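Notes follow the structure.
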Amino acid sequence: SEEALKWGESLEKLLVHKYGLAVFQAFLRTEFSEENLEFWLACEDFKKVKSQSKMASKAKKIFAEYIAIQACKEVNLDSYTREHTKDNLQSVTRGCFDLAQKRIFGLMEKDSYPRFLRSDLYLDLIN
């Protein structure tokens, strides 16, 4: 089982495992919150982008899909974080989504992650 037990250490540790990510994703999908994780993962790709022109258009892409009110993949963000993020689009740097990313990290860590650890998808893998 073994690898699975490592996802139970913390959400930080689940999130760097290929297969934990795939299973956690399936779980989040059963409660219709899988866009939290997808957004979070898009923030991590974004922070790997080298090019400034690439950084700026990728950030613009992320905003239109996950952040903008009525976005197909709209994540639960407040006016404070939503506006902050929107402001950051004028001069993109790699801190652009830190606030948004931490808010959404926080929701998974506290809410859906413990629920995952109580799920059959999770437990059937450790026994």
Side-chain angles (χ1 to χ4, degrees):
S1 45
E2 299 303 333
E3 287 308 301
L5 293 161
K6 312 197 169 139
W7 320 336
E9 167 172 346
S10 61
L11 175 61
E12 299 69 348
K13 283 287 195 216
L14 189 159
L15 291 174
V16 301
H17 201 285
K18 209 162 65 163
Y19 304 105
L21 230 22
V23 180
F24 185 41
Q25 197 100 83
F27 177 77
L28 290 188
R29 171 92 180 120
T30 74
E31 50 168 62
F32 323 101
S33 62
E34 75 282 355
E35 70 276 13
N36 290 334
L37 178 47
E38 290 168 7
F39 170 64
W40 185 92
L41 287 162
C43 292
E44 302 289 294
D45 299 317
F46 165 78
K47 79 182 50 173
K48 283 168 209 168
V49 179
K50 166 209 207 83
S51 160
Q52 187 58 46
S53 44
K54 297 189 153 112
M55 271 194 26
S57 48
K58 181 63 149 97
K60 276 158 172 144
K61 289 177 214 134
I62 294 161
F63 192 94
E65 176 165 28
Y66 299 100
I67 299 148
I69 299 293
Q70 269 186 356
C72 288
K73 290 195 180 291
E74 188 185 352
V75 297
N76 191 20
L77 291 186
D78 51 10
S79 310
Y80 170 61
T81 308
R82 181 155 60 241
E83 291 290 309
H84 166 97
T85 310
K86 184 167 163 289
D87 289 338
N88 290 351
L89 290 181
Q90 299 318 346
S91 190
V92 181
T93 79
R94 270 175 222 79
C96 176
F97 301 103
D98 281 346
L99 191 71
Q101 198 185 12
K102 74 151 295 169
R103 196 209 153 78
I104 298 308
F105 184 87
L107 296 177
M108 303 183 272
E109 182 195 37
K110 170 189 176 280
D111 301 324
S112 64
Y113 173 71
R115 281 196 310 251
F116 176 64
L117 298 172
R118 286 170 58 83
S119 79
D120 278 21
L121 228 30
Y122 186 57
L123 306 166
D124 283 349
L125 279 185
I126 56 166
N127 74 25

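Atoms considered below: every heavy atom in the structure, side chains included; atoms not considered: hydrogens, waters and symmetry mates. Start at 1 with the first residue, then count along the sequence.
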Straight-line distance of [X] [atom1] to [Y] [atom2], nearest 0.5 Å:
X	Y	atom1	atom2	result
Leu77	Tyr66	CG	OH	12.5 Å
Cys96	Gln90	SG	CD	10.0 Å
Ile104	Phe97	CD1	CZ	12.5 Å
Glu35	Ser33	CD	OG	6.0 Å

Would you say [Y] ends up clustered with [X] if hydrophobic residues are merged whenever their side chains have heavy atoms under 4.5 Å apart, either directly or through other cluster members?
X	Y	result
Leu5	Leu21	yes
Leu107	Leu99	no
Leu15	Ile126	yes
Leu11	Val16	no

Exercise. Would you say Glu12 has more than 12 foreign heavy atoms packed within less than 6.0 Å of its CD?
Worked result: yes

For this session: If the plane angle is over 60° it's perpendicular, under 30° parallel, otherwise tilted; pick one for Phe24 and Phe27.
Result: parallel

Closest contact, heavy atoms only, [X] versus [Y]:
X	Y	value
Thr85	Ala100	OG1-CB, 3.9 Å
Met108	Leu28	SD-CD1, 4.3 Å
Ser57	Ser53	OG-O, 2.8 Å
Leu123	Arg118	CD1-O, 3.7 Å
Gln25	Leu37	NE2-CB, 3.5 Å
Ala64	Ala71	O-CB, 3.6 Å

Residues 38-50 side chain polar contacts: donor-acceptor under 3.5 Å, at least two apart:
unit_1: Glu38; atom_1: OE1; unit_2: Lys73; atom_2: NZ; d: 2.7
unit_1: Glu44; atom_1: OE2; unit_2: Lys47; atom_2: NZ; d: 2.7
unit_1: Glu44; atom_1: OE2; unit_2: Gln101; atom_2: NE2; d: 2.7
unit_1: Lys47; atom_1: NZ; unit_2: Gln101; atom_2: OE1; d: 3.0

Exercise. Taking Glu74 for the side chain and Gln70 for the main chain, is one N or O donor matched with an acceptor at less than 3.5 Å?
Worked result: yes

Exercise. Distance-only, no hydrogens or angles: does the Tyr122 side chain make a donor-acceptor pair with backbone N or O of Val23 under 3.5 Å?
Worked result: no

For this session: Starting from the C-alpha separation in whole Å, work towards a yes-or-no answer on side chain to side chain contact (heavy atoms under 4.5 Å, CB included) for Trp7 and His17.
Result: CA-CA 8 Å; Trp7 320 336; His17 201 285; 3.1 Å; yes

Problem set entry | Inter- and intrachain pairs under salt bridge (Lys or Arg N to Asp or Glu O under 4.0 Å), touching residues 82-106, at least two apart | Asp78-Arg103

Exercise. Should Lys13 and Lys6 count as side-chain neighbours, where that means a heavy-atom distance under 4.5 Å?
Worked result: no

